[PDB]
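Structure assessment
Residue strings, one per chain:
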Amino acid sequence: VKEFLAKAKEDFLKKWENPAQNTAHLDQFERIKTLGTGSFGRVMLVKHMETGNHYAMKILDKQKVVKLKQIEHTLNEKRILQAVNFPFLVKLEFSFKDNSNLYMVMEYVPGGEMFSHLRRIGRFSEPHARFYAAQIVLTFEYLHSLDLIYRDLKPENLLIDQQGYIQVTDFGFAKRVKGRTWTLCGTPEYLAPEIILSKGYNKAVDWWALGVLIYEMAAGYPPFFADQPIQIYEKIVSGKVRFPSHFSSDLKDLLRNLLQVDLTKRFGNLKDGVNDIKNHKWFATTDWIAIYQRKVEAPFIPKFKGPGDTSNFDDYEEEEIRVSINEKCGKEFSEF
Amino acid sequence: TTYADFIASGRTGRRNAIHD
Ligand SMILES: Cc1n[nH]c2ccc(-c3cncc(OC[C@@H](N)Cc4c[nH]c5ccccc45)c3)cc12
């Protein structure tokens, strides 16, 4: 580990200090279908004509990034993804820009979101969940080893590849930080007590989000939910959590320390950090090197009818991409 | 049941991120 991260940290720092830009153009890909939309961009299934490959292209409306005050965040995402390298992180193949947009072309993961299978299946058996948690746990050791905080863990951001392993998407809040940070960001159900309380926080929030993940994965529902965000925040800071009857004793214990309101008593952010997690009972059967190597038998393999297939993604209204004749936000996105 | 209250709750779809 300490040996692994060492090398890893050095390759990231090189790209970090020398990010690559303009490695492709829009005309080299074939726009085929929208797979996800949102606030200021959308992801499209695209086809690279020269290699005949399929990729997930993330298109950011520059003016929209600006009105939502997400400039620095967007720069964070691209700069960080062009430099990280781990098996549970989707790869940033190309990144470029034109008059109106920012583009991040990455590997296409046809398996679909963990969210869909989860909601469709209802809830995962503990083993199947631990197999996913483990992957998040390792990936978080990687990111954190590099001073990165992820900040948006949740089923929606987890894709399942062919081998059945996790692929983390969306680094819109990923940030390289040594020290406290104060940006309020994330998704309601997963917010840490610290964040909601606007009290300056650290990596400990990713570990809390992990606790929420494991629980939803294993309960079928979130540990804190209500129809309105404020309602949800009241449960989050309450320091109270209930667990289904099927939850194993160990799982309740591992979770009691993960969802620890007091971040000076929360697993992950202790003197042993990660290990307090990796050496936990619920994980006692986990073979980490095995998991990091993908040699572990996957709980379930997604059904893919082939490359370019999108039957594991919901449909979405289409819209023609438009690039104005004039540059829209030159200076703001200069380094992208 | 908690599972039922969740299914009947308006929060079972893809949840949007917040910040501002
Ligand atoms: C299906 C797929 N294969 N590979 C990848 C990589 C990355 C994504 C991805 C990344 N981020 C968000 C995603 O979906 C939710 C929406 N918020 C879409 C979105 C569009 N533009 C932005 C900009 C910043 C954050 C999110 C989004 C999917 C999907 C896929």
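Criteria and cut-off values
Residues numbered from 1 in each chain as written, not as in the entry; some residues may be left out. Chains lettered and ligands numbered in written order. Heavy atoms only, no water. Residues with missing side-chain atoms left out of burial classes, pairs and counts. Axes fitted to C-alpha atoms, helices over the stretch in contact; angles between N-to-C directions. Helix = DSSP H or I, 4+ residues; strand = E, 2+ residues; numbered from the N terminus. Parallel < 35°, antiparallel > 145°, perpendicular 65-115°, else oblique. Contact = heavy atoms within 4.5 Å. Nonpolar A, V, L, I, M, F, W, Y, C, P; charged D, E, K, R; others polar. Core = buried A, V, L, I, M, F, W, Y, C linked by side-chain atoms within 4.5 Å. Buried < 20%, exposed > 50% of the residue type's maximum accessible area, 1.4 Å probe, protein only. Domains from an automatic or database assignment. Buried area = accessible area lost by both parts, 1.4 Å probe. Salt bridge = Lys/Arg side-chain N within 4 Å of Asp/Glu carboxyl O. Polar contact = N/O pair within 3.5 Å; in protein donor to acceptor, adjacent residues only side chain to side chain. Near = heavy atom within 4 Å. Areas by Shrake-Rupley, 256 points an atom, 1.4 Å probe, with all protein chains shown as cover. 1 Å grid on protein atoms, 1.4 Å probe; cavity = no way out; pocket = protein on both sides within 12 Å on 5 of 7 lines; lining within 4 Å. Sits in = over half its atoms within 2 Å of the grid points.

**Quick notes on the packing of helix α4 (residues 114-121) of chain A against helix α7 (residues 204-219) of chain A**
Residue and element names in this part refer to chain A. Two elements in contact, α4 and α7, have axes separated by 9 Å at closest approach and are oriented at 40 degrees. Accordingly, the angle class assigned to the pair α4 and α7 is oblique. The segment α4 lies against α7, with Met114, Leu118 and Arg119 engaging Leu213, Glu216 and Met217. Of the residues belonging to the contact of α4 with α7, the class tally is four nonpolar, no polar and two charged.

**Things to note about the nonpolar core**
All names here are of chain A. Formed by 88 residues in total, the largest nonpolar core has its most connected members in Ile136, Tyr142, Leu153, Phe171, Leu210, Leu213 and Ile214. Sort the elements by how many residues they give to this core and α7 lands first, with 12 residues. Looking at which domains feed residues into this core, each of domain 1 (1-18 + 113-303) and domain 2 (19-112 + 304-334) gives three or more. Setting aside residues up to four positions removed in sequence, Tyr142 forms contacts with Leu5, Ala8, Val84, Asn85, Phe86 and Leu89. Counting residues in hydrophobic clusters, the runner-up holds 11 residues, among them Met44, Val46, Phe94 and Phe96.

**Section: the environment of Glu335 of chain A**
Residue and element names in this part refer to chain A. Relative to the helices and strands, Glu335 resides in the segment after α11 (288-292). For the pair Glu335 and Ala20, spaced 315 residues apart in sequence, the C-alpha separation works out to 9.6 Å. Residues contacting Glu335, with those up to four places away along its chain left out, are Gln21, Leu75, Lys78, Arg79 and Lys97.

**Observations regarding the interface of chain B and chain A**
With 15 residues of chain B at the contact, the number on the chain A side is 32 residues. Of the roughly 1,900 Å² buried where chain B meets chain A, counting both sides, 54% is carbon and sulfur surface. The largest share of the area that chain B buries against chain A comes from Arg14, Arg15 and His19 of chain B, three residues that together contribute 42% of it. For the pair chain B and chain A, the interface holds six salt bridges. Linking chain B with chain A are 11 residue pairs in polar contact, by the criterion used here. Of the residues that constitute the side of chain B that touches chain A, the class distribution is four nonpolar, seven polar and four charged.

**Let's talk about the site of the ligand**
Residues and elements named next belong to chain A. The environment of the ligand is made up of 16 residues, and the closest members are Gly41, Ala56, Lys58, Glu107 and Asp170. In the environment of the ligand, a nitrogen atom lies 2.7 Å from a nitrogen or oxygen atom belonging to the backbone of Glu107. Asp170 places a polar side-chain atom, nitrogen or oxygen, 3.4 Å from a nitrogen atom of the ligand. When the ligand sits alone it has 610 Å² of accessible area, and the protein chains cover 86% of it. One can see that the ligand is located within the largest pocket. Broken down by secondary-structure element, the contributors of at least two residues to the shell around the ligand are β2 (41-48), β3 (53-61) and β5 (101-107). When residues are assigned to domains, the shell around the ligand turns out to be shared by domain 1 (1-18 + 113-303) and domain 2 (19-112 + 304-334), each giving three or more.

**Describing the domain arrangement of chain A**
Residue and element names in this part refer to chain A. Structurally, chain A comprises domain 1 (1-18 + 113-303) and domain 2 (19-112 + 304-334). The straight-line distance from the C-alpha centre of domain 1 to that of domain 2 is 25 Å. Between domain 1 and domain 2, the residue contacts involve 39 residues of the former and 27 residues of the latter. Carbon and sulfur atoms make up 61% of the area that domain 1 and domain 2 hide from each other, which totals about 2,900 Å². If you sort the residues of domain 1 by the area they bury against domain 2, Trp16, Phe171 and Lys303 come out on top, with a joint share of 22%. Linking domain 1 to domain 2 there are one salt bridge. Close ionic contact of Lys58 with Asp170 constitutes a salt bridge, the shortest N to O distance being 3.5 Å.

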